[PDB]
file final.csv (CSV, C-alpha atoms)
chain,number,residue,atom,x,y,z
A,1,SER,CA,70.1,110.5,188.2
A,2,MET,CA,72.2,113.5,188.7
A,3,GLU,CA,75.0,112.0,186.7
A,4,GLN,CA,72.6,111.7,183.6
A,5,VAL,CA,71.7,115.4,184.0
A,6,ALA,CA,75.3,116.4,184.2
A,7,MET,CA,76.0,114.4,181.0
A,8,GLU,CA,73.0,116.2,179.4
A,9,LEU,CA,74.3,119.6,180.4
A,10,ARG,CA,77.7,118.8,178.8
A,11,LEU,CA,75.9,117.8,175.5
A,12,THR,CA,74.0,121.0,175.6
A,13,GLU,CA,77.1,123.0,176.1
A,14,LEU,CA,78.9,121.2,173.2
A,15,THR,CA,75.7,121.9,171.2
A,16,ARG,CA,76.2,125.6,171.9
A,17,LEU,CA,79.8,125.6,170.8
A,18,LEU,CA,79.0,123.6,167.6
A,19,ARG,CA,76.3,126.0,166.7
A,20,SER,CA,78.8,128.9,166.8
A,21,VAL,CA,81.3,126.7,164.8
A,22,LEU,CA,78.6,126.0,162.2
A,23,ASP,CA,77.8,129.7,161.8
A,24,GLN,CA,81.4,130.6,161.3
A,25,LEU,CA,81.9,127.8,158.7
A,26,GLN,CA,78.8,128.7,156.8
A,27,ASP,CA,80.0,132.3,156.6
A,28,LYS,CA,82.9,131.0,154.5
A,29,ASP,CA,80.3,129.9,151.9
A,30,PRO,CA,78.8,133.3,151.0
A,31,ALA,CA,77.6,131.9,147.6
A,32,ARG,CA,75.4,129.5,149.6
A,33,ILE,CA,76.6,126.6,147.4
A,34,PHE,CA,76.5,124.2,150.4
A,35,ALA,CA,73.4,125.6,152.2
A,36,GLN,CA,70.9,123.0,151.1
A,37,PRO,CA,70.8,119.4,149.9
A,38,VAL,CA,71.6,118.6,146.3
A,39,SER,CA,68.2,118.4,144.6
A,40,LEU,CA,67.4,114.9,143.2
A,41,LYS,CA,64.8,116.6,141.0
A,42,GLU,CA,67.6,118.7,139.4
A,43,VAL,CA,70.5,116.1,139.7
A,44,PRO,CA,68.6,112.8,139.3
A,45,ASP,CA,71.7,110.6,139.1
A,46,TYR,CA,73.3,112.1,142.3
A,47,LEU,CA,73.0,109.1,144.5
A,48,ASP,CA,74.6,106.9,141.9
A,49,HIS,CA,77.7,109.1,142.5
A,50,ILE,CA,77.5,110.2,146.2
A,51,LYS,CA,76.5,107.7,148.8
A,52,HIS,CA,76.3,110.0,151.8
A,53,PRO,CA,75.1,113.5,150.7
A,54,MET,CA,75.5,116.3,153.2
A,55,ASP,CA,74.8,120.1,153.4
A,56,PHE,CA,74.6,122.8,156.1
A,57,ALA,CA,70.8,122.6,156.5
A,58,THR,CA,71.0,118.9,157.2
A,59,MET,CA,73.9,119.5,159.8
A,60,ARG,CA,71.8,122.2,161.4
A,61,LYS,CA,68.9,119.8,161.8
A,62,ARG,CA,71.2,117.2,163.5
A,63,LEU,CA,72.8,119.8,165.7
A,64,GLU,CA,69.4,121.1,167.0
A,65,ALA,CA,68.4,117.6,167.9
A,66,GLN,CA,71.7,117.4,169.9
A,67,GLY,CA,72.7,114.7,167.5
A,68,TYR,CA,76.5,115.4,167.6
A,69,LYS,CA,78.0,113.6,170.7
A,70,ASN,CA,81.6,115.0,170.0
A,71,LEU,CA,83.5,117.3,167.6
A,72,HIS,CA,84.7,114.3,165.5
A,73,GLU,CA,81.1,113.5,164.4
A,74,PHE,CA,80.5,117.2,163.4
A,75,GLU,CA,83.8,117.3,161.5
A,76,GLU,CA,82.9,114.1,159.7
A,77,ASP,CA,79.7,115.7,158.3
A,78,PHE,CA,81.6,118.9,157.4
A,79,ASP,CA,84.2,116.9,155.5
A,80,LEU,CA,81.4,115.1,153.6
A,81,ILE,CA,80.2,118.4,152.3
A,82,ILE,CA,83.6,119.2,150.9
A,83,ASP,CA,84.6,115.7,149.8
A,84,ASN,CA,81.3,114.9,148.0
A,85,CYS,CA,81.6,118.2,146.0
A,86,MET,CA,85.2,117.5,145.0
A,87,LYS,CA,84.3,114.1,143.6
A,88,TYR,CA,81.1,115.1,141.7
A,89,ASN,CA,82.4,118.3,140.3
A,90,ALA,CA,85.5,118.8,138.1
A,91,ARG,CA,88.5,121.0,139.1
A,92,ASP,CA,87.5,123.8,136.7
A,93,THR,CA,84.1,124.4,138.2
A,94,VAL,CA,82.8,127.1,140.6
A,95,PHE,CA,81.5,124.3,142.8
A,96,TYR,CA,84.8,122.5,143.3
A,97,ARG,CA,86.6,125.8,143.8
A,98,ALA,CA,84.1,126.8,146.4
A,99,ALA,CA,84.7,123.6,148.3
A,100,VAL,CA,88.5,124.1,148.3
A,101,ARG,CA,88.0,127.6,149.7
A,102,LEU,CA,85.6,126.3,152.4
A,103,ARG,CA,88.0,123.6,153.3
A,104,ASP,CA,90.9,126.0,153.6
A,105,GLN,CA,89.0,128.7,155.5
A,106,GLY,CA,87.2,126.2,157.7
A,107,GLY,CA,90.5,124.5,158.8
A,108,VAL,CA,91.3,127.6,160.9
A,109,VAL,CA,87.9,127.6,162.6
A,110,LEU,CA,88.1,123.9,163.4
A,111,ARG,CA,91.7,124.1,164.7
A,112,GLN,CA,90.6,126.4,167.5
A,113,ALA,CA,87.3,124.6,168.1
A,114,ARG,CA,89.3,121.4,168.9
A,115,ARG,CA,91.4,123.4,171.4
A,116,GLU,CA,88.1,124.8,173.1
A,117,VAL,CA,86.4,121.4,173.2
A,118,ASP,CA,89.5,119.8,174.9
A,119,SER,CA,90.1,122.9,177.1
A,120,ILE,CA,86.5,123.2,178.6
A,121,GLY,CA,86.1,119.4,178.5

call {"tool": "encode", "arguments": {"input": "final.csv", "output": "structure tokens"}}
result
Amino acid sequence: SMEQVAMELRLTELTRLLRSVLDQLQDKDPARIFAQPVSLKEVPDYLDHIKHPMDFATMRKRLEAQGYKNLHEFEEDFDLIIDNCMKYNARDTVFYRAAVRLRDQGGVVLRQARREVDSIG
């Protein structure tokens, strides 16, 4: 149907916008602390602590399969990155501090992405 195609073009366009958001958020992590999944070889107890691990590479895989239907889903995954780190790591660590900085810097990016998603439809 033409309607199914139109819906597919919208998903494609949302995918484009989310890729640009993802790039901008990941620039706010120049240490690449959140680039890859926490290694279960190096942190063997991690899944006893954190039930839904998340990282930028895993988001990027989802994004490229057009697996985010809306901005809310993408923000949920970004929030898991931050929130997981802030639970596993103590306040006095470079990890926790990186998460706070990412949260604070990313909020600005996400605020204008929400306006763009709404605006363009």

call {"tool": "residues_around", "arguments": {"input": "final.csv", "residues": "range 114-121 of chain A", "least_positions_apart": "6", "cutoff": "10 Å", "atoms": "only C-alpha atoms", "output": "VMD selection string"}}
result
chain A and resid 10 13 to 14 17 to 18 70 to 72

call {"tool": "residues_around", "arguments": {"input": "final.csv", "residues": "residue 73 in chain A", "least_positions_apart": "3", "cutoff": "12 Å", "atoms": "all atoms listed in the file", "output": "PyMOL selection string"}}
result
chain A and resi 14+18+59+62-63+66-70+76-80

call {"tool": "atom_distance", "arguments": {"input": "final.csv", "atom1": "CA of residue 19 in chain A", "atom2": "CA of residue 82 in chain A"}}
result
18.7 Å

call {"tool": "closest_residue", "arguments": {"input": "final.csv", "among": "A:109, A:30, A:88, A:102", "to": "residue 45 in chain A", "atoms": "all atoms listed in the file"}}
result
A:88

call {"tool": "residues_around", "arguments": {"input": "final.csv", "residues": "range 21-26 of chain A", "least_positions_apart": "6", "cutoff": "10 Å", "atoms": "all atoms listed in the file", "output": "list in words"}}
result
residues 15, 32, 33, 34, 35, 56, 59, 60, 63, 74, 78, 102, 103, 105, 106, 107, 108, 109, 110, 112 and 113 of chain A

call {"tool": "atom_distance", "arguments": {"input": "final.csv", "atom1": "CA of residue 97 in chain A", "atom2": "CA of residue 48 in chain A"}}
result
22.5 Å

call {"tool": "axis_aligned_box", "arguments": {"input": "final.csv", "around": "range 76-95 of chain A", "padding_each_side": "6 Å", "output": "AutoDock Vina command-line options"}}
result
--center_x 84.1 --center_y 120.6 --center_z 148.2 --size_x 20.8 --size_y 25.0 --size_z 35.0

call {"tool": "atom_distance", "arguments": {"input": "final.csv", "atom1": "CA of residue 51 in chain A", "atom2": "CA of residue 89 in chain A"}}
result
14.8 Å
